[PDB]
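Novice: Below is protein-v9.pdb; it holds PDB, C-alpha atoms.
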MODEL        1
ATOM      1  CA  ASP F  15      -6.414  23.824 -12.544
ATOM      2  CA  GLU F  16      -9.787  22.446 -11.459
ATOM      3  CA  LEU F  17      -9.131  19.126 -13.209
ATOM      4  CA  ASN F  18      -5.722  18.811 -11.538
ATOM      5  CA  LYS F  19      -7.229  19.579  -8.123
ATOM      6  CA  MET F  20      -9.975  16.991  -8.652
ATOM      7  CA  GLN F  21      -7.400  14.387  -9.697
ATOM      8  CA  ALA F  22      -5.247  15.269  -6.677
ATOM      9  CA  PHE F  23      -8.073  14.459  -4.253
ATOM     10  CA  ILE F  24      -8.789  11.107  -5.929
ATOM     11  CA  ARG F  25      -5.121  10.101  -5.804
ATOM     12  CA  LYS F  26      -4.864  11.326  -2.204
ATOM     13  CA  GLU F  27      -7.923   9.250  -1.290
ATOM     14  CA  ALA F  28      -6.289   6.179  -2.841
ATOM     15  CA  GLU F  29      -3.161   6.935  -0.799
ATOM     16  CA  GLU F  30      -5.209   6.752   2.408
ATOM     17  CA  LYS F  31      -6.656   3.406   1.302
ATOM     18  CA  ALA F  32      -3.149   2.109   0.573
ATOM     19  CA  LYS F  33      -1.972   3.253   4.011
ATOM     20  CA  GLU F  34      -5.009   1.626   5.636
ATOM     21  CA  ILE F  35      -4.322  -1.614   3.749
ATOM     22  CA  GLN F  36      -0.660  -1.439   4.777
ATOM     23  CA  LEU F  37      -1.689  -0.809   8.391
ATOM     24  CA  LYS F  38      -4.018  -3.819   8.234
ATOM     25  CA  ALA F  39      -1.121  -5.938   6.956
ATOM     26  CA  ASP F  40       0.982  -4.835   9.936
ATOM     27  CA  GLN F  41      -1.796  -5.923  12.305
ATOM     28  CA  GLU F  42      -2.029  -9.269  10.498
ATOM     29  CA  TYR F  43       1.745  -9.714  10.780
ATOM     30  CA  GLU F  44       1.574  -9.199  14.551
ATOM     31  CA  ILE F  45      -1.223 -11.777  14.806
ATOM     32  CA  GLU F  46       0.733 -14.195  12.609
ATOM     33  CA  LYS F  47       3.877 -13.594  14.676
ATOM     34  CA  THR F  48       1.956 -14.424  17.860
ATOM     35  CA  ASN F  49       0.703 -17.636  16.239
ATOM     36  CA  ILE F  50       4.287 -18.536  15.304
ATOM     37  CA  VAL F  51       5.345 -17.990  18.923
ATOM     38  CA  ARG F  52       2.367 -20.072  20.060
ATOM     39  CA  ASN F  53       3.353 -22.807  17.600
ATOM     40  CA  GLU F  54       6.934 -22.670  18.888
ATOM     41  CA  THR F  55       5.587 -23.034  22.437
ATOM     42  CA  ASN F  56       4.256 -26.520  21.663
ATOM     43  CA  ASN F  57       7.605 -27.520  20.150
ATOM     44  CA  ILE F  58       9.459 -26.006  23.114
ATOM     45  CA  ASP F  59       7.104 -27.780  25.528
TER      46      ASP F  59
ATOM     47  CA  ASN D   5       0.783  19.173 -12.652
ATOM     48  CA  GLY D   6       1.402  20.784  -9.274
ATOM     49  CA  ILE D   7      -1.752  19.268  -7.786
ATOM     50  CA  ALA D   8      -0.816  15.861  -9.203
ATOM     51  CA  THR D   9       2.687  16.244  -7.755
ATOM     52  CA  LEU D  10       1.149  17.017  -4.357
ATOM     53  CA  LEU D  11      -1.037  13.927  -4.762
ATOM     54  CA  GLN D  12       2.098  11.936  -5.602
ATOM     55  CA  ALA D  13       3.689  13.341  -2.441
ATOM     56  CA  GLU D  14       0.642  12.134  -0.507
ATOM     57  CA  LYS D  15       1.072   8.766  -2.228
ATOM     58  CA  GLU D  16       4.774   8.942  -1.351
ATOM     59  CA  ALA D  17       3.765   9.714   2.236
ATOM     60  CA  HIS D  18       1.418   6.725   2.050
ATOM     61  CA  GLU D  19       4.314   4.733   0.591
ATOM     62  CA  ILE D  20       6.395   5.957   3.533
ATOM     63  CA  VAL D  21       3.455   4.976   5.745
ATOM     64  CA  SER D  22       3.438   1.649   3.903
ATOM     65  CA  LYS D  23       7.139   1.402   4.733
ATOM     66  CA  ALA D  24       6.239   2.515   8.263
ATOM     67  CA  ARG D  25       3.677  -0.303   8.301
ATOM     68  CA  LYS D  26       6.593  -2.712   7.915
ATOM     69  CA  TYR D  27       8.302  -0.695  10.651
ATOM     70  CA  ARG D  28       5.073  -1.028  12.639
ATOM     71  CA  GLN D  29       5.313  -4.766  11.991
ATOM     72  CA  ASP D  30       8.978  -4.476  12.974
ATOM     73  CA  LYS D  31       7.798  -2.622  16.078
ATOM     74  CA  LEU D  32       5.311  -5.456  16.601
ATOM     75  CA  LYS D  33       8.175  -7.889  15.947
ATOM     76  CA  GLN D  34       9.643  -6.726  19.264
ATOM     77  CA  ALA D  35       6.494  -8.068  20.921
ATOM     78  CA  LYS D  36       6.926 -11.209  18.808
ATOM     79  CA  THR D  37      10.375 -11.668  20.349
ATOM     80  CA  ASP D  38       8.771 -11.160  23.762
ATOM     81  CA  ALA D  39       6.050 -13.620  22.740
ATOM     82  CA  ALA D  40       8.765 -16.037  21.611
ATOM     83  CA  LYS D  41      10.547 -15.425  24.920
ATOM     84  CA  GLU D  42       7.251 -16.086  26.711
ATOM     85  CA  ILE D  43       6.997 -19.366  24.790
ATOM     86  CA  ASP D  44      10.516 -20.221  25.959
ATOM     87  CA  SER D  45       9.604 -19.007  29.457
ATOM     88  CA  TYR D  46       6.709 -21.477  29.544
ATOM     89  CA  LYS D  47       9.119 -24.203  28.428
ATOM     90  CA  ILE D  48      11.604 -22.997  31.056
ATOM     91  CA  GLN D  49       8.895 -23.297  33.712
ATOM     92  CA  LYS D  50       8.084 -26.778  32.403
ATOM     93  CA  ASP D  51      11.807 -27.581  32.348
ATOM     94  CA  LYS D  52      12.139 -26.245  35.900
ATOM     95  CA  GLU D  53       9.313 -28.543  37.003
ATOM     96  CA  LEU D  54      11.067 -31.412  35.221
ATOM     97  CA  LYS D  55      14.361 -30.349  36.814
ATOM     98  CA  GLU D  56      12.729 -30.317  40.256
ATOM     99  CA  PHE D  57      11.437 -33.851  39.684
TER     100      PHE D  57
ENDMDL
END
Show me this structure written as structure tokens.
Specialist:
Amino acid sequence: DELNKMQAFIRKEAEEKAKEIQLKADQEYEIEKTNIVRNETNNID
Amino acid sequence: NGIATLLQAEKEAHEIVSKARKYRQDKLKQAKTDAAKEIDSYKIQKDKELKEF
């Protein structure tokens, strides 16, 4: 139905936002991992 | 509804993408191991200089 199709687009749009937020978290994890390696460098030094 | 189920599948695909984001972080964790190895490599170079002295 028209209502179901309209609700499908809204939920699909929220899915893209969730994926974008998840992708941003992955980028943050890589940055945090690099900082951990940098922190370990001082201890290793 | 069928449209809602398709939206749930898109959410499930996003959930899979969210799981893939952890896999992307896991993929980036390989660079973290290389970054950790680079940190040890810098210490190894410092240790080599200390060893030379």
Novice: With the PyMOL selection byres ((chain F) within 8 of (chain D)) as the selection, what would be picked from this file? Answer as a PyMOL selection string, please.
Specialist: chain F and resi 18-19+21-23+25-26+28-30+32-33+36-37+39-41+43-44+47-48+51-52+54-55+58-59
Novice: Measure the distance from CA of residue 56 in chain F to CA of residue 53 in chain D in Å and round it to one decimal.
Specialist: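 CA of residue 56 in chain F sits 16.3 Å away from CA of residue 53 in chain D.
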Novice: Please, what distance in Å, to one decimal, runs between CA of residue 57 in chain D and CA of residue 57 in chain F?
Specialist: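 These atoms are spaced 20.9 Å apart.
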Novice: How far is it from CA of residue 45 in chain F to CA of residue 27 in chain F, in Å with one decimal?
Specialist: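 Rounded to one decimal, the two atoms are 27.3 Å apart.
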Novice: Could you work out an axis-aligned bounding box for all listed atoms of range 38-56 of chain F, with 3 Å added on each of the six sides, and give its centre and edge lengths in Å to one decimal, as JSON?
Specialist:
{"center_x": 1.5, "center_y": -15.2, "center_z": 14.7, "size_x": 17.0, "size_y": 28.7, "size_z": 21.5}
